[PDB]
2 protein chains.
Amino acid sequence: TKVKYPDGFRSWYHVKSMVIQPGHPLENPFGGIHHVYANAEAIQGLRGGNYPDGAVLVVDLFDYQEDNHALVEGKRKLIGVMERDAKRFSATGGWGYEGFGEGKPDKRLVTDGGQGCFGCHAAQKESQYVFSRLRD
Amino acid sequence: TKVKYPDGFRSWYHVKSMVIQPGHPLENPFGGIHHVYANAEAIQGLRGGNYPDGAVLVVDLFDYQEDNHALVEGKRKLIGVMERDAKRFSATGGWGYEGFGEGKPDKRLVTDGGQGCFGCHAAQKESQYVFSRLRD
Ligand code: HEC
Ligand code: HEC
Ligand SMILES: [Zn+2]
């Protein structure tokens with residue numbers, strides 16, 4: 001019933017990025033430069049296939065610094081993790097939701113079984129609760 | 001003596017990202033959100049080894065739109081490509097430098113055999129002409 005730390009996620013397929021700046025409704029706590037990653041099973045889902053159990057999506061959130069008309073990556077703030085298990089995570093739509101502070105396996109963040117995460121992701125029911133779209 | 005189009009680069013290792021905003025000295029043509037990718041060979045060099053022949057670094061440059069304090073990736077502007085061949089690219093320090101407009105193999109951007117690219121990358125001679133640092 002716990003989401004595994006997605007060991008090796010930095011070697012996975014980079015789906016997309018986005019910057020959330022001060023003023024954005026999600027600045028707290030989603031502020032920063034984020035990178036979405038997908039394991040092979042998650043790519044099958046993202047391509048328009050179905051998500052197999054064992055699909056993992058990671059959102060990797062960095063602080064950034066302003067550096068002369070450049071936003072430069074600073075320290076990692078956290079990672080968000082969605083792990084597909086249709087039966088074990090059925091209460092949250094077949095994805096298990098976890099956060100790791102600074103991306104550290106020992107800093108698990110979620111305290112409500114992921115109901116808060118799922119509450120926002122539920123808007124994306126028709127893309128199987130995933131916001132990110134595969135781009136070329 | 002032409003750099004090959006790096007087919008499949010989107011499936012490679014994501015090294016790092018950066019945003020270059022308007023007013024940056026390199027705004028033309030490096031303005032946008034960029035993602036650096038490395039093939040397996042290039043990872044050896046980034047980890048502290050010698051870059052082997054066949055190492056390829058790609059910088060993938062997107063337009064973005066500031067939409068309510070989110071920077072949102074738009075169309076791809078171009079890719080920059082560095083291809084390691086100590087002998088074939090000896091005039092430019094063993095890297096071949098090329099750009100592909102909109103990331104399309106038929107839109108080559110470099111017109112000076114990469115001397116302009118090399119002129120700036122030469123400052124990084126001590127890190128084998130590569131600016132990007134591997135981060136976890
Ligand atoms: C709305 C108020 C959200 C809440 C609460 C949570 N997330 Fe979410 N997440 C949200 C958006 C708008 C996006 C897309 C970002 C983009 O660049 O397009 C995401 C994305 C993720 C991802 C990546 C997969 C995807 O659905 O695109 C993961 C792995 C993820 N978020 C995890 C996650 C967790 C663990 C949360 C609770 C701790 C959480 N999110 C809440 C919107 C919102
Ligand atoms: C200085 C005036 C530059 C010129 C001219 C060119 N490049 Fe360069 N490039 C520059 C910097 C500061 C960076 C690092 C960006 C980052 O996020 O840290 C880069 C990076 C690249 C890369 C990625 C590999 C690396 O060295 O980090 C590639 C593949 C690359 N640049 C290609 C490229 C080409 C093809 C150029 C001539 C058309 C070229 N660059 C010019 C600085 C400068
Ligand atoms: Zn200025």
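Note: hydrogens, waters and symmetry copies are ignored here, and every other heavy atom, side chains too, is used. First the proteins, then the strands, lettered A, B, ... as listed; each starts at 1.
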### Message
Looking at B:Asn50, I want to see if its CG is surrounded by more than 12 non-hydrogen atoms of other residues, nucleotides or ligands under 6.0 Å.
### Response
no

### Flag side-chain contact, heavy atom, 4.5 Å: A:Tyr97 against A:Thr92
yes

### Message
Looking at A:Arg108 and A:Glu98, is there a salt bridge between them, counting it only when a charged N and a carboxylate O are closer than 4.0 Å?
### Response
yes

### Query
Which residues from residues 114-136 of chain A are near chain B, with near meaning under 4.5 Å between non-hydrogen atoms?
A:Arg135, A:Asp136

### Query
Hey, are the side chains of A:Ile79 and A:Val81 touching, using non-hydrogen atoms and a 4.5 Å cut-off?
yes

### Message
Quick one: does any side-chain atom of B:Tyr5 pair with a main-chain N or O of B:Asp106 as donor and acceptor, under 3.5 Å?
### Response
no

### Query
A:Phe62 and A:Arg76: which non-hydrogen atoms are nearest, and at how many Å?
CZ-NH2, 3.4 Å

#### Entry: Any residue of residues 17-46 of chain A which, by heavy atoms, sits under 4.5 Å from chain B
A:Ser17, A:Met18, A:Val19, A:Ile20, A:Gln21, A:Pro22, A:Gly23, A:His24, A:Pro25, A:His35, A:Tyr37

### Query
Do side-chain atoms of A:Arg84 reach the backbone of A:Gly96 as a donor and acceptor pair under 3.5 angstrom?
no

### Query
In terms of side-chain geometry, is the basic nitrogen of A:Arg88 or A:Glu83 positioned less than 4.0 Å from the acidic oxygen of its partner?
yes

### Distance-minimising heavy-atom pair for A:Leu57 and A:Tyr51
CD1-CE2, 4.5 Å

### Task
Identify which part of A:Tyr64 has an atom lying under 4.5 Å from any heavy atom of chain B, answering side chain, backbone, both or neither.
neither

### Query
Looking at B:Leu71, B:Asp60, B:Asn68, which has the largest count of heavy-atom pairs under 4.5 Å with chain A?
B:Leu71

### Query
Using 4.0 Å as the upper bound for N to carboxylate O, is an ion pair formed by B:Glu102 and B:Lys75?
no

